[PDB]
């Protein structure tokens, strides 16, 4: 019982202290207290984290790990489990152990634990071990981590959607204020500007498309105001441009 409390404290410090799929590292944390390999999948099937703590046989695993994508079939199979399942044998297709070697670990047992945020399935955790099976304390720890990770996923996803919605509203609000010639100039300049940042000469392109140089300057200022870009004058070397809002080039090409 004391060790259980210690493990819960270990995980509390660990997890609490764009992350580029952090959960992989987080999986290691979950493994340590349970001394087992861990896998984490989303509701769509996209792999979001894994840790091969024990002596695995690489192969498709090495790749599914490298490619950051689990086999579509197994991931779409676990999504319907609804509630927790424990001590699943090796002969079952729901096993975490690679089937390439089922004779190597017949004693292995595996577990599936679903993740739920605000009442919707956010993902699933998978654990696997040998010799002794998962008892209740291990399930307590598993669901502890499940709920914590559920809330972290919900937080990151809500923040990301809010960010993209604000950025898209900004882009639309800005483009709806540009004039005809200003919009043509924006198209021309950002078509010449290969990439999100660089340097170019605005007056030359302005002469190439038949628009007065001041109109282009004013357009770039209307964009700077709404934070879509950040312009800086290089004098005789031209103007330097950097795109801050990422939803801009898409709505422009559209």
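Positions refer to the first chain, counted from 1.
Visitor: So, looking at the entry's B-factor column for Cα atoms, which has the higher mean, 48-56 or 225-233?
Guide: Going by the record's values, the stretch with the higher mean is 48-56.
Visitor: If you average the CA temperature factors as listed in the entry, which stretch comes out higher, 103-111 or 163-171?
Guide: Averaging CA B-factors over each stretch, the winner is 103-111.
Visitor: I'd like to know which of 142, 94, 154, 148 has the highest C-alpha temperature factor in the PDB entry.
Guide: Top of the list by C-alpha B-factor: 94.
Visitor: Of 64, 217, 193, 185, which one's C-alpha B factor is largest in the deposited record?
Guide: Going by the entry's C-alpha B-factors, 64 comes out highest.
Visitor: Consider only the C-alpha atoms of the modelled residues in this chain, order them by B-factor as the entry records it, and name the third containing residue 249: lowest, middle or highest.
Guide: According to the entry, residue 249 has a C-alpha B-factor in the chain's lowest third.
Visitor: Would you mind ranking residue 21 by its C-alpha B-factor against the rest of the chain and naming the third, lowest, middle or highest?
Guide: Highest third.
Visitor: Classify residue 74 as lowest, middle or highest third according to the C-alpha B-factor given in the PDB entry, relative to its own chain.
Guide: Answer is highest: the recorded C-alpha B-factor places it there.
Visitor: Give the position of residue 189 by CA B-factor within its chain, expressed as the lowest, middle or highest third.
Guide: Lowest third.
Visitor: Can you tell me which third, lowest, middle or highest, the CA B-factor of residue 241 falls into for its chain?
Guide: Its C-alpha B-factor, which the entry lists for residue 241, ranks in the lowest third among residues of this chain.
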